[PDB]
file work32.pdb (PDB, N, CA and C atoms)
MODEL        1
ATOM      1  N   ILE O   1       0.816  -1.246   0.000  1.00  0.00           N
ATOM      2  CA  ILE O   1       0.000   0.000   0.000  1.00  0.00           C
ATOM      3  C   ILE O   1       0.859   1.312   0.000  1.00  0.00           C
ATOM      4  N   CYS O   2       1.602   1.593   1.083  1.00  0.00           N
ATOM      5  CA  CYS O   2       2.172   2.942   1.356  1.00  0.00           C
ATOM      6  C   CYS O   2       3.408   3.425   0.505  1.00  0.00           C
ATOM      7  N   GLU O   3       3.140   3.853  -0.738  1.00  0.00           N
ATOM      8  CA  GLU O   3       4.024   4.788  -1.497  1.00  0.00           C
ATOM      9  C   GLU O   3       3.585   6.267  -1.211  1.00  0.00           C
ATOM     10  N   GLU O   4       4.481   7.145  -0.729  1.00  0.00           N
ATOM     11  CA  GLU O   4       4.095   8.313   0.136  1.00  0.00           C
ATOM     12  C   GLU O   4       3.239   9.566  -0.264  1.00  0.00           C
ATOM     13  N   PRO O   5       2.631   9.797  -1.454  1.00  0.00           N
ATOM     14  CA  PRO O   5       1.257  10.386  -1.487  1.00  0.00           C
ATOM     15  C   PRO O   5       0.100   9.555  -0.807  1.00  0.00           C
ATOM     16  N   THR O   6       0.272   8.231  -0.638  1.00  0.00           N
ATOM     17  CA  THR O   6      -0.569   7.388   0.262  1.00  0.00           C
ATOM     18  C   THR O   6      -0.307   7.708   1.771  1.00  0.00           C
ATOM     19  N   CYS O   7       0.922   7.658   2.306  1.00  0.00           N
ATOM     20  CA  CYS O   7       1.334   8.287   3.587  1.00  0.00           C
ATOM     21  C   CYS O   7       1.056   9.745   3.980  1.00  0.00           C
ATOM     22  N   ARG O   8       0.951  10.597   2.998  1.00  0.00           N
ATOM     23  CA  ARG O   8       0.155  11.849   3.170  1.00  0.00           C
ATOM     24  C   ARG O   8      -1.366  11.636   3.494  1.00  0.00           C
ATOM     25  N   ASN O   9      -2.123  10.891   2.670  1.00  0.00           N
ATOM     26  CA  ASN O   9      -3.429  10.274   3.077  1.00  0.00           C
ATOM     27  C   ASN O   9      -3.441   9.430   4.416  1.00  0.00           C
ATOM     28  N   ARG O  10      -2.433   8.619   4.759  1.00  0.00           N
ATOM     29  CA  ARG O  10      -2.229   8.004   6.103  1.00  0.00           C
ATOM     30  C   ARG O  10      -1.689   8.752   7.305  1.00  0.00           C
ATOM     31  N   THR O  11      -0.974   9.820   7.110  1.00  0.00           N
ATOM     32  CA  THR O  11      -0.805  10.827   8.170  1.00  0.00           C
ATOM     33  C   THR O  11      -2.124  11.648   8.425  1.00  0.00           C
ATOM     34  N   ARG O  12      -2.813  11.996   7.367  1.00  0.00           N
ATOM     35  CA  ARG O  12      -4.288  12.153   7.383  1.00  0.00           C
ATOM     36  C   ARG O  12      -5.193  11.083   8.080  1.00  0.00           C
ATOM     37  N   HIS O  13      -4.943   9.793   7.852  1.00  0.00           N
ATOM     38  CA  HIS O  13      -5.272   8.702   8.819  1.00  0.00           C
ATOM     39  C   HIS O  13      -4.597   8.641  10.194  1.00  0.00           C
ATOM     40  N   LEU O  14      -3.448   9.243  10.300  1.00  0.00           N
ATOM     41  CA  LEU O  14      -2.975   9.785  11.583  1.00  0.00           C
ATOM     42  C   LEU O  14      -3.888  10.694  12.460  1.00  0.00           C
ATOM     43  N   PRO O  15      -4.468  11.804  11.991  1.00  0.00           N
ATOM     44  CA  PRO O  15      -5.860  12.127  12.453  1.00  0.00           C
ATOM     45  C   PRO O  15      -7.150  11.334  12.154  1.00  0.00           C
ATOM     46  N   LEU O  16      -6.951  10.092  11.805  1.00  0.00           N
ATOM     47  CA  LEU O  16      -7.659   8.981  12.449  1.00  0.00           C
ATOM     48  C   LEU O  16      -6.898   8.381  13.691  1.00  0.00           C
ATOM     49  N   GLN O  17      -6.829   9.153  14.797  1.00  0.00           N
ATOM     50  CA  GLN O  17      -6.054   8.764  16.016  1.00  0.00           C
ATOM     51  C   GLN O  17      -6.762   7.801  17.038  1.00  0.00           C
ATOM     52  N   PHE O  18      -7.012   6.573  16.575  1.00  0.00           N
ATOM     53  CA  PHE O  18      -6.408   5.364  17.203  1.00  0.00           C
ATOM     54  C   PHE O  18      -4.838   5.362  17.356  1.00  0.00           C
ATOM     55  N   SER O  19      -4.133   5.723  16.274  1.00  0.00           N
ATOM     56  CA  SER O  19      -2.673   5.949  16.283  1.00  0.00           C
ATOM     57  C   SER O  19      -2.202   7.267  16.968  1.00  0.00           C
ATOM     58  N   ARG O  20      -1.108   7.141  17.715  1.00  0.00           N
ATOM     59  CA  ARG O  20       0.004   8.123  17.635  1.00  0.00           C
ATOM     60  C   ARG O  20       1.238   7.378  17.042  1.00  0.00           C
ATOM     61  N   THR O  21       1.334   7.401  15.707  1.00  0.00           N
ATOM     62  CA  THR O  21       2.267   6.544  14.906  1.00  0.00           C
ATOM     63  C   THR O  21       2.155   4.984  15.102  1.00  0.00           C
ATOM     64  N   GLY O  22       0.922   4.432  15.057  1.00  0.00           N
ATOM     65  CA  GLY O  22       0.695   2.960  15.148  1.00  0.00           C
ATOM     66  C   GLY O  22      -0.325   2.356  14.142  1.00  0.00           C
ATOM     67  N   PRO O  23      -0.077   2.230  12.801  1.00  0.00           N
ATOM     68  CA  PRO O  23       1.192   2.638  12.131  1.00  0.00           C
ATOM     69  C   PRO O  23       1.047   3.850  11.134  1.00  0.00           C
ATOM     70  N   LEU O  24       0.801   5.086  11.626  1.00  0.00           N
ATOM     71  CA  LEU O  24       0.268   6.199  10.761  1.00  0.00           C
ATOM     72  C   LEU O  24       1.105   7.537  10.808  1.00  0.00           C
ATOM     73  N   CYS O  25       1.432   8.230   9.689  1.00  0.00           N
ATOM     74  CA  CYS O  25       2.182   7.625   8.576  1.00  0.00           C
ATOM     75  C   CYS O  25       3.471   8.376   8.013  1.00  0.00           C
ATOM     76  N   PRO O  26       4.759   8.198   8.446  1.00  0.00           N
ATOM     77  CA  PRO O  26       5.252   7.052   9.250  1.00  0.00           C
ATOM     78  C   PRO O  26       4.520   6.758  10.590  1.00  0.00           C
ATOM     79  N   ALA O  27       4.010   5.548  10.776  1.00  0.00           N
ATOM     80  CA  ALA O  27       4.883   4.340  10.819  1.00  0.00           C
ATOM     81  C   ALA O  27       4.426   3.118   9.955  1.00  0.00           C
ATOM     82  N   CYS O  28       4.049   3.340   8.682  1.00  0.00           N
ATOM     83  CA  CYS O  28       3.402   2.288   7.846  1.00  0.00           C
ATOM     84  C   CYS O  28       4.207   0.971   7.564  1.00  0.00           C
ATOM     85  N   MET O  29       3.768  -0.145   8.168  1.00  0.00           N
ATOM     86  CA  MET O  29       4.219  -1.513   7.761  1.00  0.00           C
ATOM     87  C   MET O  29       3.360  -2.107   6.583  1.00  0.00           C
ATOM     88  N   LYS O  30       3.362  -1.407   5.435  1.00  0.00           N
ATOM     89  CA  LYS O  30       2.613  -1.775   4.217  1.00  0.00           C
ATOM     90  C   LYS O  30       3.486  -1.442   2.961  1.00  0.00           C
ATOM     91  N   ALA O  31       4.012  -2.455   2.241  1.00  0.00           N
ATOM     92  CA  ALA O  31       4.881  -2.266   1.035  1.00  0.00           C
ATOM     93  C   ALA O  31       6.203  -1.462   1.273  1.00  0.00           C
TER
ENDMDL
END
call {"tool": "encode", "arguments": {"input": "work32.pdb", "output": "structure tokens"}}
result
Amino acid sequence: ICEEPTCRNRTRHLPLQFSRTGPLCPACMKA
């Protein structure tokens, strides 16, 4: 998944905060 216009969308999923970097984004364990 995470090529880093995706990690911009997942640091955006970072304010989906279940995470404080678990795994959002960094910290993505995806590709």
call {"tool": "residues_near_point", "arguments": {"input": "work32.pdb", "point": "(4.0, -5.8, -3.6)", "cutoff": "8 Å", "atoms": "all atoms listed in the file", "output": "PyMOL selection string"}}
result
chain O and resi 1+30-31
call {"tool": "resolve_selection", "arguments": {"input": "work32.pdb", "expression": "the PyMOL selection byres (((chain O and resi 4 and name CA) around 12) and name CA)", "output": "PyMOL selection string"}}
result
chain O and resi 1-3+5-12+24-28+30-31
call {"tool": "select_by_dssp", "arguments": {"input": "work32.pdb", "residues": "chain O", "states": "alpha helix (DSSP H)", "output": "PyMOL selection string"}}
result
chain O and resi 5-12
call {"tool": "build_atoms", "arguments": {"input": "work32.pdb", "residues": "segment 3-29 of chain O", "atoms": "N, CA, C and O atoms", "output": "short mmCIF file (atom, residue, chain, number, x, y, z; two decimals), in the frame of the given file"}}
result
data_model
loop_
_atom_site.label_atom_id
_atom_site.label_comp_id
_atom_site.auth_asym_id
_atom_site.auth_seq_id
_atom_site.Cartn_x
_atom_site.Cartn_y
_atom_site.Cartn_z
N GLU O 3 3.14 3.85 -0.74
CA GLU O 3 4.02 4.79 -1.50
C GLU O 3 3.58 6.27 -1.21
O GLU O 3 2.42 6.61 -1.41
N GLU O 4 4.48 7.14 -0.73
CA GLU O 4 4.10 8.31 0.14
C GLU O 4 3.24 9.57 -0.26
O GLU O 4 2.93 10.31 0.68
N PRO O 5 2.63 9.80 -1.45
CA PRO O 5 1.26 10.39 -1.49
C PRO O 5 0.10 9.56 -0.81
O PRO O 5 -0.90 10.13 -0.36
N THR O 6 0.27 8.23 -0.64
CA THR O 6 -0.57 7.39 0.26
C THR O 6 -0.31 7.71 1.77
O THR O 6 -1.25 8.04 2.46
N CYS O 7 0.92 7.66 2.31
CA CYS O 7 1.33 8.29 3.59
C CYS O 7 1.06 9.74 3.98
O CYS O 7 1.02 10.10 5.16
N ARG O 8 0.95 10.60 3.00
CA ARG O 8 0.16 11.85 3.17
C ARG O 8 -1.37 11.64 3.49
O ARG O 8 -1.80 12.05 4.57
N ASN O 9 -2.12 10.89 2.67
CA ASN O 9 -3.43 10.27 3.08
C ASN O 9 -3.44 9.43 4.42
O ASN O 9 -4.44 9.46 5.12
N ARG O 10 -2.43 8.62 4.76
CA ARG O 10 -2.23 8.00 6.10
C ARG O 10 -1.69 8.75 7.30
O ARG O 10 -1.72 8.24 8.42
N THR O 11 -0.97 9.82 7.11
CA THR O 11 -0.80 10.83 8.17
C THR O 11 -2.12 11.65 8.43
O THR O 11 -2.58 11.93 9.52
N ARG O 12 -2.81 12.00 7.37
CA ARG O 12 -4.29 12.15 7.38
C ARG O 12 -5.19 11.08 8.08
O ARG O 12 -6.05 11.44 8.89
N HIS O 13 -4.94 9.79 7.85
CA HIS O 13 -5.27 8.70 8.82
C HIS O 13 -4.60 8.64 10.19
O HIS O 13 -5.06 8.00 11.13
N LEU O 14 -3.45 9.24 10.30
CA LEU O 14 -2.98 9.78 11.58
C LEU O 14 -3.89 10.69 12.46
O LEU O 14 -4.15 10.30 13.60
N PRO O 15 -4.47 11.80 11.99
CA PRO O 15 -5.86 12.13 12.45
C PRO O 15 -7.15 11.33 12.15
O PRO O 15 -8.27 11.76 12.45
N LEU O 16 -6.95 10.09 11.80
CA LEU O 16 -7.66 8.98 12.45
C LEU O 16 -6.90 8.38 13.69
O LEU O 16 -6.41 7.24 13.69
N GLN O 17 -6.83 9.15 14.80
CA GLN O 17 -6.05 8.76 16.02
C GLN O 17 -6.76 7.80 17.04
O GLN O 17 -6.87 8.05 18.24
N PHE O 18 -7.01 6.57 16.58
CA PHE O 18 -6.41 5.36 17.20
C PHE O 18 -4.84 5.36 17.36
O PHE O 18 -4.30 5.02 18.41
N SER O 19 -4.13 5.72 16.27
CA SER O 19 -2.67 5.95 16.28
C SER O 19 -2.20 7.27 16.97
O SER O 19 -2.67 8.37 16.68
N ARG O 20 -1.11 7.14 17.72
CA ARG O 20 0.00 8.12 17.64
C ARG O 20 1.24 7.38 17.04
O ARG O 20 2.02 6.73 17.74
N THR O 21 1.33 7.40 15.71
CA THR O 21 2.27 6.54 14.91
C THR O 21 2.15 4.98 15.10
O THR O 21 3.16 4.28 15.21
N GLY O 22 0.92 4.43 15.06
CA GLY O 22 0.70 2.96 15.15
C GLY O 22 -0.32 2.36 14.14
O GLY O 22 -1.38 1.93 14.62
N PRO O 23 -0.08 2.23 12.80
CA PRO O 23 1.19 2.64 12.13
C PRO O 23 1.05 3.85 11.13
O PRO O 23 1.15 3.68 9.92
N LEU O 24 0.80 5.09 11.63
CA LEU O 24 0.27 6.20 10.76
C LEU O 24 1.10 7.54 10.81
O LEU O 24 1.42 8.02 11.88
N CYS O 25 1.43 8.23 9.69
CA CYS O 25 2.18 7.62 8.58
C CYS O 25 3.47 8.38 8.01
O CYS O 25 3.30 9.17 7.08
N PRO O 26 4.76 8.20 8.45
CA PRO O 26 5.25 7.05 9.25
C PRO O 26 4.52 6.76 10.59
O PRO O 26 4.25 7.64 11.40
N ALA O 27 4.01 5.55 10.78
CA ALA O 27 4.88 4.34 10.82
C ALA O 27 4.43 3.12 9.96
O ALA O 27 4.45 1.98 10.42
N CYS O 28 4.05 3.34 8.68
CA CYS O 28 3.40 2.29 7.85
C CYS O 28 4.21 0.97 7.56
O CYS O 28 5.13 0.93 6.75
N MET O 29 3.77 -0.14 8.17
CA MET O 29 4.22 -1.51 7.76
C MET O 29 3.36 -2.11 6.58
O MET O 29 2.73 -3.16 6.69
#
